[PDB]
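1. Fold the stuff below for me.
(chains A, B, C, D, E, F, G, H and I, ligands or ions: 1)
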Amino acid sequence: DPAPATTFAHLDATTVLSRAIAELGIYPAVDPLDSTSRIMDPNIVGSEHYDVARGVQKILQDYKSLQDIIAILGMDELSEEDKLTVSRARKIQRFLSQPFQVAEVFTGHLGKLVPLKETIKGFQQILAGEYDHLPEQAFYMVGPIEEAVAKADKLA
Amino acid sequence: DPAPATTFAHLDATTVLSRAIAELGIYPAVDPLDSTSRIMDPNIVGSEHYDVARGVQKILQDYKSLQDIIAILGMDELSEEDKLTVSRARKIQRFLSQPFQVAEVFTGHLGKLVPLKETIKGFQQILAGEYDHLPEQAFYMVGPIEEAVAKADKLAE
Amino acid sequence: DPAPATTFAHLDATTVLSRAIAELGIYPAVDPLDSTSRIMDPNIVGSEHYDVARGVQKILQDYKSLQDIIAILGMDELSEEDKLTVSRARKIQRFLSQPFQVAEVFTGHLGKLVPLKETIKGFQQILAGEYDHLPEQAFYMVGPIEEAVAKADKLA
Amino acid sequence: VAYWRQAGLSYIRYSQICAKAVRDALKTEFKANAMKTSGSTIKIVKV
Amino acid sequence: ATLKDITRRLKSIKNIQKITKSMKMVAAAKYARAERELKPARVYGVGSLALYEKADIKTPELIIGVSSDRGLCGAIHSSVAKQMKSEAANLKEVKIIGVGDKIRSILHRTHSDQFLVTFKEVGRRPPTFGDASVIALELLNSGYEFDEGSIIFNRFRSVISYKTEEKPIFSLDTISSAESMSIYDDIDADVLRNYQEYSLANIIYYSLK
Amino acid sequence: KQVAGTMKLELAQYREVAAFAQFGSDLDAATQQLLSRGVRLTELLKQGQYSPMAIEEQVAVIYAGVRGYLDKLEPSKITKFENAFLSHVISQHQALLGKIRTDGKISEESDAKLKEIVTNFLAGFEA
Amino acid sequence: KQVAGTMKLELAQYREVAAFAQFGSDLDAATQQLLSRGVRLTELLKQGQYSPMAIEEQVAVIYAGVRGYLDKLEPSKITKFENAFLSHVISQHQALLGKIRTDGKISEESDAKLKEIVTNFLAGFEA
Amino acid sequence: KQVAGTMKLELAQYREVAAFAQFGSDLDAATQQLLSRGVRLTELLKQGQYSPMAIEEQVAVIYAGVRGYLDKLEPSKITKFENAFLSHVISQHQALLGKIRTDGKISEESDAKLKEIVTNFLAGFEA
Amino acid sequence: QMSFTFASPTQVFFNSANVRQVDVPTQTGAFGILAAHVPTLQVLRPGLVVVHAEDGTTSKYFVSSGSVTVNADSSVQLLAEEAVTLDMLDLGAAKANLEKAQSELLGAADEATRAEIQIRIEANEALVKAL
Ligand SMILES: *N(C(=O)NC1CCCCC1)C1CCCCC1
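-> Numbers count the residues shown, from 1 in each chain, chains lettered A, B, ... in the order given. Coordinates below:
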């Protein structure tokens, strides 16, 4: 739509909310592949931060490219390798989710604020496979990585 | 589009070019299922010319109708004959490509000119199965059917 | 589309005529589940009319649901309840047939004007199972329920 | 040792023969099931 | 979103749905028959296994994977293959057999130079003792004096669940000559030869069923 | 009218199953027969340009297929078969064609006459 | 032109066959080789920002791929290889780089020297 | 708030992908339990037209389902239960209903009292 | 009380049934397993199976081959590649069959071939017994 489309040119960072994401229960409903920043540069945020972001977006895009074949046949028909990108991707999609302090009044969950250093790390570990043994639901609506593992435990 | 759409009526032969085909490296990017000629008639070009042309169009429309299905359920569900057409269709699609003399600066290949009889022969043989053992790429960007055989040799080792 | 969308705001019911039903010889070729009416409500046509109607719809639905298990598997495998719902259903779908007067010049058969209370009751008896001892073709192309019982006596 | 052994035959192979014999000695009324069993679909792929 | 493309997609999905609904019904028929013939088979196969659990068998000091040729059955093949690679790794010499082309195409390349035989024509027509006897024969007629083997297959549980399992093949006529087997006397060293051969066909049949 | 209705019905039945043509291994006898009738009735509706047919000619070829005299013939040969067959009956059987006209239908006699031409001509055509 | 001449069409065909092969179909040696070649070249054309390369340097890295020397190197290693290969030739092979740039071509002599450099360097790299 | 909170949570858990029903004794343990409450609670939310309910009657029936008093009933019986339960409380426990209303809260007193009303009624209810 | 299990790949006759005794045809005679018999393993032979039920008038069966097992516990399991009740066997055929076999043998020199014929003879011959 001309209104929004003309607005992109005026921004330094863009956070695009998605209806399909919100319907999956993932809040904030930010589309991780359609949100950009003129600051996402290795010389500005550092190479570790830079590489972890490119990594997350890479696995999300690969999962996206698969979703078409999964829509009909499903996941059970994927190569033992694509099953793996799917798995980590889905865990990453949920780890991007997070309870807000300002929404406490209706969600009933304490809001969370995760420090940038804690954010990079958490995403590194998922990408490196350190949690392939943890269930997806453990990563949904938490703060830092430690809360994911803890939740994966309360799952007894 | 009204411009091109109102133009078909003033022609005797239409050569329709497609982006979907050019994008695949297939040049000239002619759409074999959307190009026509008022002289494509057995009484004018001979039933050999007519039948081969018509045979090429059929194996291609059949593959095209098949494509999206196998892209989902895979190839394994096709019969040995159903998939033998899939492989010849792809070969025929490749034998339609051609290194243009005028295009040397783009293909990096020596231009080629194929006599009518050689065209009919070549397409006829593939349709008949006389090349089911050569690899696809042998048919890509060549002139006469002999070069397909020779490229296949150059590809072996 | 705007045209049919605007028209629907005024319709109180629909009559859907189909080839599929015509090809089964049921005339009129009315689709028994596709055709509907806003006044198909107990508060309007009464509880007796409503209950009988709802019953026919369900049995026609249940019959359509068994089409799978019967096709690939075998009829000699449905449970006694199911086997019976197939006989009542088929009889039901035949009893919805009806010869018209207007077409007496082409059929040679007398048309029928079935009074509502007779209609409500006819099907009520089939659903009740009071005619499970008769052949389907007894309810095909007739008027009142009595005409079903008679057509049955025929010869044998 | 048995005659079939030493002759190269094994026991499964003996059982095979024995089981088939009992089949051929049935009567059409039970001969039907013979087909719904004793298949041979399996195919060797030795390389 | 082009009325052309949209139409192109609808075209191919309406066919998929049609071919896919068909394949479902065919399967449910094959399944129905298979579920039943499986009743006896278990009792029979569990019977064959009644000797070894009822009395120990280990081994001093052959991986058989079963599935089929046809895909489009969720993770039937990937499961056995997954567990098949796992063993070959954790392990003692390694030699393998795959019944059903799919296994020979999956847990393959990495382990071709680790093959003994492979089987085709599995799954279309219902399995038979006869097929099991061919598998057994083909093995006995092999130069692999296996000391111990395992058979990996999918154990049915319900239309919506199965579990990839393993069964030991102490077929080693040699191993069946251990202490625990002292309880059973009046056993010719070669009566076992027949006994083992037989119980080998029974176990392949069971997994197959 | 004598054959049209039947061809109409059989092609309609074919259309519902047509999607299994290249995906029907586990098919049953009936649905497999619908496929074969259809692919063939479909070939009999093909026609070259500038050669409109007399009504007796149209029905003779449609009758053949509808009564299954060509169910075993390979689909790709039907066009050539119809061509050759039509020349033969126009050449050697104007009597037959004449009656289908006059009687205004294919009688028991005409039917007998047709079956014998097509089963023997067909065998020679497949030689 | 000596290294990139037919690469555009070839990469187009590569992407086509790559999509089609995902259908598990059996692949002959010919298509497997095309896939191998395509995936490697795809990596060599990756490039970071703010560091435009001199033409003789692009020619040098293109060469290593188009001539087949990298067909057996794990694709995930191709970027690291290029970075090291390039610093190598720039550090110790200024004469070779300078001749390619000066003649604006790859002479038989320049060709013979590159082969010796890539095969040996590669072997070391894979140590 | 005291009863609809848990109903929301539970009804959600049920909604957490339950298109899978068809299996009964095939599912896990606690998951067949979610389809248990879920279908029951779903039946409680059904209502006819022209018969709006006082909030106090609403919590009474929702209390019944959210506390477990319907788990052992036959899905097709929850409406018969609800209707019978409600006329029983309207007629014999006006006071209790009065207090929940007037207070706008379910006191621990009113709870224990409500516990007894449903327990006894459920007991004498001939499904 | 012994739990007796008797079945073929296709059919099952007994499953953990408390039978008083069973008679089975083995390569070495015809062992009679009793509710309390010493552990043993044996391969079958074309013959007859006799199951003395808990209540007299025993039931008969015919077996082509397979195995039988008696464990430390009073559990027994008989497994025949094929096992049928005499009720479904045509004697007339068997005869016709034993004839042919003995004929082929007279025309075979190949040791292996002979073995395959010999075995067949044995089976068909064993068919006469309860028929
Ligand atoms: N060039 C072309 O037609 N001119 C030359 C080609 C070589 C032989 C003499 C004539 C084309 C002009 C349009 C763009 C592509 C090349």
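
2. Near residue I:73, how many other residues are there?
-> For residue I:73, the neighbour count with other C-beta atoms under 10 Å in any protein chain shown is 11. C-beta coordinates here come from the backbone N, C-alpha and C atoms, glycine included.

3. Tell me who's in contact with it.
-> When contacts are counted by C-beta atoms under 8 Å, 6 or more residues apart in numbering or on different chains, residue I:73 is found next to residue E:54.

4. Where does it sit: helix, strand or coil?
-> For residue I:73, the assignment made with DSSP: H, G, I helix; E, B strand; the rest coil gives coil.

5. Please apply the same query to residue E:97.
-> Per three-state DSSP, the secondary structure class of residue E:97 is strand.

6. That one and chain A: what is the separation?
-> Look at residue E:97 and chain A: by C-beta to the nearest C-beta, to the nearest Å, they are 21 Å apart.

7. Now stretch F:117-127 - C-alpha only, CSV.
-> Output in CSV follows, covering the C-alpha atoms of stretch F:117-127 (Å, rounded to 0.1, in the frame of the first residue of the first chain):
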residue,chain,number,x,y,z
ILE,F,117,-15.7,-55.9,-40.2
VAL,F,118,-14.0,-54.4,-37.2
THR,F,119,-12.7,-57.6,-35.5
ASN,F,120,-11.2,-58.9,-38.8
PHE,F,121,-9.9,-55.5,-40.1
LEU,F,122,-8.5,-54.8,-36.7
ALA,F,123,-6.5,-58.1,-36.5
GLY,F,124,-5.0,-57.4,-39.9
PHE,F,125,-4.3,-53.8,-38.9
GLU,F,126,-2.3,-55.0,-35.9
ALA,F,127,-0.4,-57.6,-37.9
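
8. For residue 12, give me the backbone phi and psi.
-> Going with chain A. Summarising the backbone geometry of residue A:12 under the convention degrees, to the nearest 10, its torsions are phi -90, psi -30.

9. could you do chain I instead?
-> Comment: the main-chain dihedrals of residue I:12 come out as phi -120, psi 130, following degrees, to the nearest 10.

10. How many residues are close by it?
-> Applying the criterion other C-beta under 10 Å, we find 18 residues in the vicinity of residue I:12.

11. So the nearest residue to residue E:155 once chain neighbours are set aside: helix, strand or coil?
-> The shortest distance from residue E:155 to any residue that is not its chain neighbour, by C-beta to C-beta, 6 or more residues apart in numbering or on different chains, is 4.6 Å, and that residue is residue E:165. Of the three states, residue E:165 takes strand under three-state DSSP.

12. Please list all residues in contact with whatever residue of chain I ends up closest to chain F.
-> Nearest to chain F in chain I, going by C-beta to the nearest C-beta, is residue I:10, at a distance of 23.3 Å. Residues in contact with residue I:10 (C-beta under 8 Å, 6+ apart) are D:33, D:37, E:37, E:40, E:129, I:82.

13. let's go with 10 Å and repeat that
-> Under the criterion of C-beta atoms under 10 Å, 6 or more residues apart in numbering or on different chains, the neighbours of residue I:10 are D:33, D:36-38, E:37, E:40-41, E:44, E:128-129, I:81-83.

14. Is residue A:76 in contact with residue A:82, as I believe?
-> No: no contact is recorded between residue A:76 and residue A:82 when judged using C-beta atoms under 10 Å, the distance being 11.3 Å.

15. which phi and psi does residue A:72 have?
-> The phi and psi values for residue A:72, taken as degrees, to the nearest 10, are phi -90, psi -70.

16. Thanks a lot, catch you later.
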